[PDB]
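Structure file run_35.txt; described as compact mmCIF, C-alpha atoms and all ligand atoms.
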```txt
# COMPACT_ATOMS: atom_id res chain seq x y z
CA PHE O 1 65.17 -50.32 -8.12
CA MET O 2 65.36 -46.93 -6.28
CA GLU O 3 68.38 -44.66 -5.95
CA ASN O 4 67.84 -43.91 -2.26
CA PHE O 5 66.11 -47.06 -0.94
CA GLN O 6 66.66 -50.82 -1.04
CA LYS O 7 64.48 -53.88 -0.28
CA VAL O 8 61.44 -51.92 -1.66
CA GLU O 9 58.19 -53.99 -1.33
CA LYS O 10 54.53 -53.14 -2.29
CA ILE O 11 52.21 -53.16 0.82
CA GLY O 12 48.96 -51.60 -0.56
CA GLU O 13 47.07 -49.48 -3.09
CA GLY O 14 46.26 -46.09 -1.45
CA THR O 15 44.05 -43.01 -2.19
CA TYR O 16 47.10 -41.49 -4.04
CA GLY O 17 49.18 -44.37 -5.49
CA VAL O 18 51.11 -47.47 -4.50
CA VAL O 19 52.33 -47.70 -0.85
CA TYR O 20 55.65 -49.54 -0.30
CA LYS O 21 57.66 -50.80 2.64
CA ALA O 22 61.22 -49.60 1.95
CA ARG O 23 64.64 -49.47 3.57
CA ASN O 24 66.57 -46.19 3.43
CA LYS O 25 69.92 -46.95 1.68
CA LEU O 26 71.98 -44.52 3.86
CA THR O 27 70.46 -45.31 7.30
CA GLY O 28 68.88 -48.82 7.02
CA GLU O 29 65.62 -47.61 8.52
CA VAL O 30 62.37 -49.11 7.37
CA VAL O 31 59.72 -46.57 6.20
CA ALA O 32 56.39 -46.46 4.39
CA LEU O 33 56.90 -44.83 1.00
CA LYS O 34 53.74 -43.47 -0.90
CA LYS O 35 54.41 -42.90 -4.60
CA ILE O 36 51.92 -40.18 -5.68
CA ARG O 37 50.26 -41.09 -9.02
CA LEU O 38 50.66 -37.99 -11.33
CA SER O 39 53.95 -26.48 -6.77
CA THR O 40 51.12 -25.73 -4.26
CA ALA O 41 50.87 -29.30 -2.86
CA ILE O 42 54.66 -29.72 -2.23
CA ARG O 43 54.89 -26.65 0.07
CA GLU O 44 51.59 -27.42 1.81
CA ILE O 45 52.41 -31.12 2.39
CA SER O 46 55.96 -30.18 3.40
CA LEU O 47 54.40 -28.09 6.28
CA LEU O 48 52.96 -31.39 7.58
CA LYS O 49 56.55 -32.61 8.23
CA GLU O 50 56.59 -30.21 11.22
CA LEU O 51 53.67 -31.89 12.99
CA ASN O 52 54.42 -34.42 15.72
CA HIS O 53 52.02 -36.16 18.01
CA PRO O 54 52.04 -39.67 19.51
CA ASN O 55 48.77 -40.52 17.71
CA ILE O 56 49.75 -39.19 14.23
CA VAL O 57 51.95 -41.21 11.79
CA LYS O 58 55.00 -39.01 11.31
CA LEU O 59 55.58 -37.61 7.81
CA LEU O 60 59.38 -37.95 7.66
CA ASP O 61 59.98 -36.46 4.22
CA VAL O 62 58.59 -35.22 0.94
CA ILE O 63 60.82 -36.35 -1.97
CA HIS O 64 60.43 -34.69 -5.35
CA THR O 65 62.97 -36.14 -7.80
CA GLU O 66 62.90 -37.17 -11.47
CA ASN O 67 59.51 -35.33 -11.69
CA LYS O 68 58.07 -37.97 -9.30
CA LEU O 69 56.64 -37.32 -5.83
CA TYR O 70 57.00 -39.57 -2.82
CA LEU O 71 55.89 -39.20 0.77
CA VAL O 72 57.97 -40.95 3.44
CA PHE O 73 56.24 -41.98 6.67
CA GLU O 74 57.34 -43.82 9.77
CA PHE O 75 56.47 -47.51 9.34
CA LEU O 76 53.94 -49.39 11.48
CA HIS O 77 53.36 -53.09 11.06
CA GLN O 78 49.54 -53.41 11.00
CA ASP O 79 46.47 -51.33 10.20
CA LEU O 80 43.16 -51.40 12.06
CA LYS O 81 41.38 -53.04 9.08
CA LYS O 82 43.67 -56.11 9.36
CA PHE O 83 43.51 -56.09 13.18
CA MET O 84 39.67 -56.03 13.12
CA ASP O 85 39.69 -58.93 10.61
CA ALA O 86 42.17 -60.89 12.79
CA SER O 87 39.94 -60.11 15.86
CA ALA O 88 36.63 -61.11 14.16
CA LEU O 89 36.07 -64.39 16.11
CA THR O 90 36.55 -62.87 19.61
CA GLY O 91 36.06 -59.14 18.98
CA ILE O 92 38.54 -56.48 20.08
CA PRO O 93 38.20 -56.30 23.90
CA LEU O 94 36.22 -53.23 25.08
CA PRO O 95 39.13 -51.75 27.07
CA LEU O 96 41.26 -51.81 23.90
CA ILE O 97 38.42 -50.32 21.78
CA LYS O 98 38.16 -47.54 24.40
CA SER O 99 41.94 -46.99 24.40
CA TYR O 100 42.06 -46.80 20.60
CA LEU O 101 39.12 -44.41 20.39
CA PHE O 102 40.64 -42.18 23.10
CA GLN O 103 43.99 -42.10 21.32
CA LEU O 104 42.40 -41.41 17.91
CA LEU O 105 40.46 -38.51 19.45
CA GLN O 106 43.73 -37.11 20.84
CA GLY O 107 45.26 -37.31 17.36
CA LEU O 108 42.24 -35.60 15.78
CA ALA O 109 42.15 -32.92 18.53
CA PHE O 110 45.84 -32.20 17.80
CA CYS O 111 45.39 -31.96 14.03
CA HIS O 112 42.20 -29.90 14.29
CA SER O 113 43.87 -27.44 16.73
CA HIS O 114 46.62 -27.00 14.06
CA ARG O 115 43.93 -26.33 11.37
CA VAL O 116 44.56 -29.67 9.63
CA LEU O 117 41.72 -32.01 8.65
CA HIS O 118 41.92 -35.59 7.44
CA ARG O 119 38.69 -35.83 5.37
CA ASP O 120 39.24 -39.54 4.53
CA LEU O 121 39.68 -41.47 7.75
CA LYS O 122 39.23 -45.17 7.44
CA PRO O 123 40.60 -48.32 9.12
CA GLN O 124 43.28 -48.64 6.36
CA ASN O 125 44.92 -45.35 7.52
CA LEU O 126 44.81 -46.17 11.25
CA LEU O 127 48.07 -47.89 12.18
CA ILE O 128 48.82 -49.87 15.37
CA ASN O 129 51.95 -51.06 17.12
CA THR O 130 52.85 -53.72 19.67
CA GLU O 131 52.86 -51.26 22.66
CA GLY O 132 49.06 -50.42 22.43
CA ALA O 133 49.40 -47.18 20.42
CA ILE O 134 47.25 -46.29 17.43
CA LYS O 135 48.12 -43.52 15.00
CA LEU O 136 46.34 -41.67 12.19
CA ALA O 137 48.06 -41.51 8.79
CA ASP O 138 47.53 -39.10 5.89
CA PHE O 139 46.17 -36.03 7.72
CA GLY O 140 46.28 -32.91 5.55
CA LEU O 141 46.79 -34.73 2.23
CA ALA O 142 43.23 -34.43 0.88
CA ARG O 143 43.26 -30.59 1.14
CA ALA O 144 46.72 -30.34 -0.46
CA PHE O 145 45.75 -32.71 -3.32
CA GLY O 146 42.45 -30.80 -3.75
CA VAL O 147 39.82 -33.57 -3.15
CA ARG O 148 41.62 -34.87 -7.20
CA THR O 149 41.87 -38.19 -9.14
CA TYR O 150 45.01 -40.12 -8.04
CA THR O 151 43.76 -43.73 -8.32
CA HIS O 152 41.58 -45.78 -10.73
CA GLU O 153 40.95 -48.16 -7.71
CA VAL O 154 37.52 -48.48 -5.95
CA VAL O 155 37.08 -45.81 -3.21
CA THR O 156 35.54 -46.79 0.14
CA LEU O 157 32.54 -44.54 0.94
CA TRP O 158 31.66 -46.26 4.23
CA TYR O 159 33.15 -43.54 6.48
CA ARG O 160 32.03 -40.47 4.49
CA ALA O 161 30.04 -37.82 6.36
CA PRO O 162 26.54 -37.09 5.04
CA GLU O 163 27.49 -33.45 4.33
CA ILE O 164 30.14 -34.91 1.93
CA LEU O 165 27.63 -37.33 0.24
CA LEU O 166 25.07 -34.51 -0.18
CA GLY O 167 27.62 -32.61 -2.32
CA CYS O 168 28.78 -29.96 0.18
CA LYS O 169 32.06 -28.56 -1.31
CA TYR O 170 32.90 -27.11 2.29
CA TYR O 171 34.69 -29.39 4.80
CA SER O 172 34.92 -28.96 8.55
CA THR O 173 36.42 -30.80 11.52
CA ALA O 174 33.08 -32.60 11.88
CA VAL O 175 33.77 -34.81 8.83
CA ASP O 176 36.55 -36.54 10.80
CA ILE O 177 34.38 -37.04 13.90
CA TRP O 178 31.74 -38.74 11.71
CA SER O 179 34.31 -41.10 10.21
CA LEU O 180 35.72 -41.97 13.63
CA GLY O 181 32.19 -42.62 14.95
CA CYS O 182 31.68 -45.10 12.12
CA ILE O 183 35.01 -46.78 13.00
CA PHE O 184 34.05 -46.93 16.70
CA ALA O 185 30.80 -48.69 15.82
CA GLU O 186 32.66 -51.17 13.58
CA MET O 187 35.15 -52.07 16.33
CA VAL O 188 32.24 -52.77 18.71
CA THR O 189 29.94 -54.75 16.41
CA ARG O 190 32.59 -56.39 14.17
CA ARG O 191 30.59 -55.13 11.14
CA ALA O 192 30.86 -51.89 9.17
CA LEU O 193 28.10 -49.50 10.28
CA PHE O 194 27.21 -48.15 6.79
CA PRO O 195 28.78 -50.38 4.08
CA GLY O 196 27.47 -48.52 1.04
CA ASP O 197 28.21 -49.68 -2.47
CA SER O 198 27.60 -46.25 -4.13
CA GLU O 199 27.05 -42.64 -2.94
CA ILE O 200 23.22 -43.09 -2.94
CA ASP O 201 23.38 -46.53 -1.24
CA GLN O 202 25.75 -44.98 1.33
CA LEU O 203 23.32 -42.07 1.92
CA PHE O 204 20.26 -44.36 2.16
CA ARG O 205 22.02 -46.75 4.57
CA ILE O 206 22.66 -43.74 6.83
CA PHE O 207 19.04 -42.57 6.44
CA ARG O 208 17.59 -46.04 7.19
CA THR O 209 19.53 -46.14 10.51
CA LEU O 210 19.45 -42.48 11.67
CA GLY O 211 16.23 -41.41 9.87
CA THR O 212 16.02 -39.22 6.77
CA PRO O 213 17.35 -35.80 7.83
CA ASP O 214 15.10 -32.74 7.75
CA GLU O 215 15.31 -29.02 8.51
CA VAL O 216 14.46 -29.67 12.20
CA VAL O 217 17.53 -31.83 12.94
CA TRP O 218 19.74 -30.27 10.24
CA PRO O 219 18.92 -26.66 9.35
CA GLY O 220 20.05 -26.07 5.77
CA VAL O 221 20.00 -29.75 4.69
CA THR O 222 17.29 -29.30 2.05
CA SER O 223 19.47 -26.69 0.23
CA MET O 224 22.56 -28.97 0.00
CA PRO O 225 23.70 -29.47 -3.59
CA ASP O 226 22.66 -33.14 -4.04
CA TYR O 227 19.66 -33.08 -1.66
CA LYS O 228 16.49 -34.34 -3.42
CA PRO O 229 12.99 -33.65 -2.01
CA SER O 230 12.13 -37.12 -3.42
CA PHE O 231 14.41 -38.94 -0.95
CA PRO O 232 12.41 -41.57 0.92
CA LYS O 233 11.51 -40.60 4.53
CA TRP O 234 12.79 -43.31 6.89
CA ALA O 235 12.13 -43.15 10.62
CA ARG O 236 15.26 -43.24 12.88
CA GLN O 237 16.30 -46.39 14.83
CA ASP O 238 17.74 -46.60 18.42
CA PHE O 239 21.52 -46.88 18.90
CA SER O 240 20.64 -49.69 21.38
CA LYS O 241 19.72 -51.86 18.29
CA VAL O 242 22.66 -50.59 16.18
CA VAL O 243 25.71 -51.11 18.43
CA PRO O 244 24.81 -53.70 21.10
CA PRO O 245 26.31 -54.55 23.53
CA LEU O 246 27.88 -51.08 23.86
CA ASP O 247 26.89 -49.47 27.20
CA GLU O 248 24.90 -46.25 27.54
CA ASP O 249 28.08 -44.17 27.93
CA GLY O 250 29.44 -45.50 24.63
CA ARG O 251 26.07 -45.13 22.87
CA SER O 252 25.73 -41.51 24.12
CA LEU O 253 29.20 -40.63 22.79
CA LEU O 254 28.56 -42.38 19.47
CA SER O 255 25.26 -40.55 19.05
CA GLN O 256 27.07 -37.21 19.53
CA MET O 257 29.67 -38.21 16.90
CA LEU O 258 26.90 -39.13 14.40
CA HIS O 259 24.63 -36.07 14.60
CA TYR O 260 23.51 -35.12 11.10
CA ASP O 261 24.29 -31.39 11.40
CA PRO O 262 28.11 -31.12 11.37
CA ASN O 263 27.79 -28.09 13.68
CA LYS O 264 26.08 -30.24 16.36
CA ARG O 265 28.67 -33.08 16.15
CA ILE O 266 30.87 -33.32 19.30
CA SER O 267 34.41 -31.98 18.88
CA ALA O 268 37.42 -34.23 19.45
CA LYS O 269 38.39 -32.17 22.51
CA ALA O 270 34.91 -32.40 24.05
CA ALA O 271 34.70 -36.12 23.27
CA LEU O 272 37.88 -36.73 25.32
CA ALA O 273 35.96 -35.41 28.39
CA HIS O 274 32.95 -37.72 27.83
CA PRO O 275 32.07 -40.06 30.73
CA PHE O 276 32.82 -43.06 28.46
CA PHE O 277 36.56 -42.34 29.03
CA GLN O 278 36.45 -42.10 32.84
CA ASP O 279 37.98 -45.60 33.14
CA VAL O 280 40.23 -45.51 30.04
CA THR O 281 43.47 -47.53 30.13
CA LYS O 282 46.14 -48.51 27.59
CA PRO O 283 46.07 -52.31 27.14
CA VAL O 284 48.55 -54.42 25.09
CA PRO O 285 46.96 -55.80 21.83
CA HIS O 286 47.57 -59.33 20.60
CA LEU O 287 49.27 -58.60 17.24
CA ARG O 288 50.19 -61.41 14.85
CA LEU O 289 52.79 -60.02 12.47
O1 LIG M 1 47.29 -44.67 1.08
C1 LIG M 1 46.18 -44.92 1.63
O2 LIG M 1 45.08 -44.47 1.21
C2 LIG M 1 46.15 -45.74 2.91
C3 LIG M 1 47.42 -46.47 3.26
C4 LIG M 1 47.69 -47.72 2.73
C5 LIG M 1 48.85 -48.39 3.05
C6 LIG M 1 49.74 -47.85 3.95
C7 LIG M 1 49.47 -46.62 4.53
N1 LIG M 1 50.35 -46.00 5.43
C8 LIG M 1 51.26 -46.55 6.29
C9 LIG M 1 51.98 -45.69 7.12
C10 LIG M 1 52.85 -46.27 7.99
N2 LIG M 1 53.04 -47.60 8.09
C11 LIG M 1 52.30 -48.34 7.27
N3 LIG M 1 51.44 -47.88 6.36
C12 LIG M 1 48.31 -45.94 4.18
```
Can you turn what I pasted into structure tokens?
Amino acid sequence: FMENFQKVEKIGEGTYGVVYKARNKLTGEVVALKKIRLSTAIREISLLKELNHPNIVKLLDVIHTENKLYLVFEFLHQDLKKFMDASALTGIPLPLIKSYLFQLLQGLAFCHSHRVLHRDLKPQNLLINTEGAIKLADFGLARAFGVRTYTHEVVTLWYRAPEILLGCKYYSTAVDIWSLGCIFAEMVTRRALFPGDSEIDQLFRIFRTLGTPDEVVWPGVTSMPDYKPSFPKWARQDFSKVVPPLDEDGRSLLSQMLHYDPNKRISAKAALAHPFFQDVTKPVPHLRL
């Protein structure tokens, strides 16, 4: 039971607590409702209510009652994780991959221009609709929560930027570009790019593909908190082996999203101008709800 909602249904375990599909009692509208497992965060998250962009899941409300905290979002019917699983036999068509990447970059460019990072992008917080839109959920929450324990559930590391895995306590816009590059690669190949089981397995999967980073490609890397001079030194592989059959435009863009040094990583705004998007369109997905 809930005072202000009816037909409340669990839909997932999230970074911060249970996520429900719920119907507002007064209006009948269907929303996603994210009970935070437990004020500097309430004011800061409440600022996120002001943000509106077509590629960002609207934060409709912040409800603080009975010493509980709930976030109310507009509801979308499928996430990219489920869509990629449903699309595993055929693959997502390239024009739709390109459309989704373009739209996600517009959402990131918007948030970043408003000084809001995500820090934890992953297919589970990318939501799609029947009209061909994709939207990013949960921007700004990681900073407000303070990176921080809000679930006992197993955290996905697969999309974490190397700066994060090497113990850098200082985030930048580049962490979100890394995560989206990993998601791009996964849409293309139908396999996660770096499916690490632990922080060190995550870090070593990255190193085995992109080469072990050094001061030449990443000035400052050897001073990062969790950097170890004893890390094995892997040579770097070609993106042509990693994301076939992606064309050279897509591989060029992906390589710019996956530079080791966050400062060298392409921005969302610059990525939107990349030649890969010259022929972008907005196709209709085949969604089975
Ligand atoms: O909480 C998490 O970490 C991800 C997560 C998990 C489950 C649902 C969401 N969000 C939304 C938003 C809108 N329509 C549907 N689901 C996010």
Report, as JSON, the axis-aligned box around all atoms of ligand LIG 1 (chain M) present in the file, extended by 6 Å on each side; give centre and edge lengths in Å to one decimal place.
```
{"center_x": 49.1, "center_y": -46.4, "center_z": 4.6, "size_x": 20.0, "size_y": 15.9, "size_z": 19.0}
```
- prompt: Residues at most 12 Å from residue 152 of chain O, counting all atoms listed in the file, excluding those fewer than 5 positions away in the same chain, as a ChimeraX atom specification?
  reply: /O:13-18,37-38
- request: Choose the residue, out of O:22, O:41, O:246, O:287, that has the smallest atom-to-atom separation from ligand LIG 1 (chain M); count only C-alpha atoms and all ligand atoms.
  value: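 Going through O:22, O:41, O:246, O:287 one by one, the smallest distance to ligand LIG 1 (chain M) is for O:22.
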query: Of the candidates O:102, O:227, O:276, O:20, which one gets nearest to residue 167 of chain O if we count only C-alpha atoms?
result: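 Going through O:102, O:227, O:276, O:20 one by one, the smallest distance to residue 167 of chain O is for O:227.
Going from atom CA of residue 23 of chain O to atom CA of residue 132 of chain O covers 24.5 Å.
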- prompt: Looking at only C-alpha atoms and all ligand atoms, which of O:24, O:39, O:106, O:124 is the one that sits closest to ligand LIG 1 (chain M)?
  reply: O:124
Near-residue 183 of chain O list (10 Å; only C-alpha atoms; drop same-chain fewer than 5 positions) as a PDB file with C-alpha atoms, in the frame of the given file:
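Result file is out.pdb:
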```pdb
ATOM      1  CA  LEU O  80      43.160 -51.400  12.060  1.00  0.00           C
ATOM      2  CA  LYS O  81      41.380 -53.040   9.080  1.00  0.00           C
ATOM      3  CA  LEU O 101      39.120 -44.410  20.390  1.00  0.00           C
ATOM      4  CA  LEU O 121      39.680 -41.470   7.750  1.00  0.00           C
ATOM      5  CA  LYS O 122      39.230 -45.170   7.440  1.00  0.00           C
ATOM      6  CA  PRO O 123      40.600 -48.320   9.120  1.00  0.00           C
ATOM      7  CA  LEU O 126      44.810 -46.170  11.250  1.00  0.00           C
ATOM      8  CA  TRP O 158      31.660 -46.260   4.230  1.00  0.00           C
ATOM      9  CA  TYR O 159      33.150 -43.540   6.480  1.00  0.00           C
ATOM     10  CA  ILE O 177      34.380 -37.040  13.900  1.00  0.00           C
ATOM     11  CA  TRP O 178      31.740 -38.740  11.710  1.00  0.00           C
ATOM     12  CA  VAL O 188      32.240 -52.770  18.710  1.00  0.00           C
ATOM     13  CA  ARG O 190      32.590 -56.390  14.170  1.00  0.00           C
ATOM     14  CA  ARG O 191      30.590 -55.130  11.140  1.00  0.00           C
ATOM     15  CA  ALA O 192      30.860 -51.890   9.170  1.00  0.00           C
ATOM     16  CA  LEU O 193      28.100 -49.500  10.280  1.00  0.00           C
TER      17      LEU O 193
END
```
message: Could you tell me how far atom CA of residue 174 of chain O sits from atom CA of residue 110 of chain O, in Å to one decimal place?
response: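 A separation of 14.1 Å between them.
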Select from segment 41-158 of chain O every residue with an atom at most 12 Å from any atom of segment 249-259 of chain O, then for each give the shortest pair of atoms and their distance in Å to one decimal, using all atoms listed in the file, rows by chain and rising number, as a Markdown table.
```
| residue | atom | partner | partner_atom | distance |
| --- | --- | --- | --- | --- |
| O:94 | CA | O:250 | CA | 10.3 |
| O:95 | CA | O:250 | CA | 11.8 |
| O:97 | CA | O:250 | CA | 10.6 |
| O:98 | CA | O:250 | CA | 9.0 |
| O:101 | CA | O:250 | CA | 10.6 |
| O:102 | CA | O:253 | CA | 11.5 |
| O:105 | CA | O:257 | CA | 11.1 |
```
field: Minimum-distance residue to residue 93 of chain O, chosen among O:55, O:116, O:140, O:189 (using all atoms listed in the file)
entry: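 So, comparing all the options, the nearest one is O:189.
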field: Test item: residues no farther than 10 Å from ligand LIG 1 (chain M), counting only C-alpha atoms and all ligand atoms, as a count of residues only
entry: 50
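When atom CA of residue 196 of chain O is paired with atom CA of residue 262 of chain O, their separation reads 20.2 Å.
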query: For residue 96 of chain O, which residue out of O:47, O:147, O:242, O:133 is the nearest one, using only C-alpha atoms?
result: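 Going through O:47, O:147, O:242, O:133 one by one, the smallest distance to residue 96 of chain O is for O:133.
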message: List as a PyMOL selection string the residues having at least one atom at most 8 Å from position (24.6, -35.7, -2.5) as given in the file, counting only C-alpha atoms.
response: chain O and resi 162-168+199-200+203+224-227
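Nearest residue to residue 237 of chain O among O:207, O:139, O:70, O:170 is O:207, counting all atoms listed in the file.
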Distance query 10 Å from (54.4, -30.2, 9.2) using all atoms listed in the file, result as a ChimeraX atom specification: /O:43-52,58-61,114,116,140
Residues of the last selection are to be written out with C-alpha atoms, as a compact mmCIF listing (two decimals), keeping the file's coordinate frame.
```txt
# COMPACT_ATOMS: atom_id res chain seq x y z
CA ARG O 43 54.89 -26.65 0.07
CA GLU O 44 51.59 -27.42 1.81
CA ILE O 45 52.41 -31.12 2.39
CA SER O 46 55.96 -30.18 3.40
CA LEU O 47 54.40 -28.09 6.28
CA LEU O 48 52.96 -31.39 7.58
CA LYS O 49 56.55 -32.61 8.23
CA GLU O 50 56.59 -30.21 11.22
CA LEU O 51 53.67 -31.89 12.99
CA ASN O 52 54.42 -34.42 15.72
CA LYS O 58 55.00 -39.01 11.31
CA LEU O 59 55.58 -37.61 7.81
CA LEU O 60 59.38 -37.95 7.66
CA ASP O 61 59.98 -36.46 4.22
CA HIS O 114 46.62 -27.00 14.06
CA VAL O 116 44.56 -29.67 9.63
CA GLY O 140 46.28 -32.91 5.55
```
task: Excluding residue 99 of chain O and any residue of its chain fewer than 4 positions from it, enumerate the residues within 8 Å of it, using only C-alpha atoms, and give them as a list in words.
output: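 Returned residues: residues 95, 103, 280, 281, 282 and 283 of chain O.
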- prompt: Can you tell me, as a PyMOL selection string, what residues are no more than 12 Å from residue 211 of chain O when counting all atoms listed in the file, ignoring any on the same chain fewer than 6 positions away?
  reply: chain O and resi 203-205+217-218+231-239+258-260
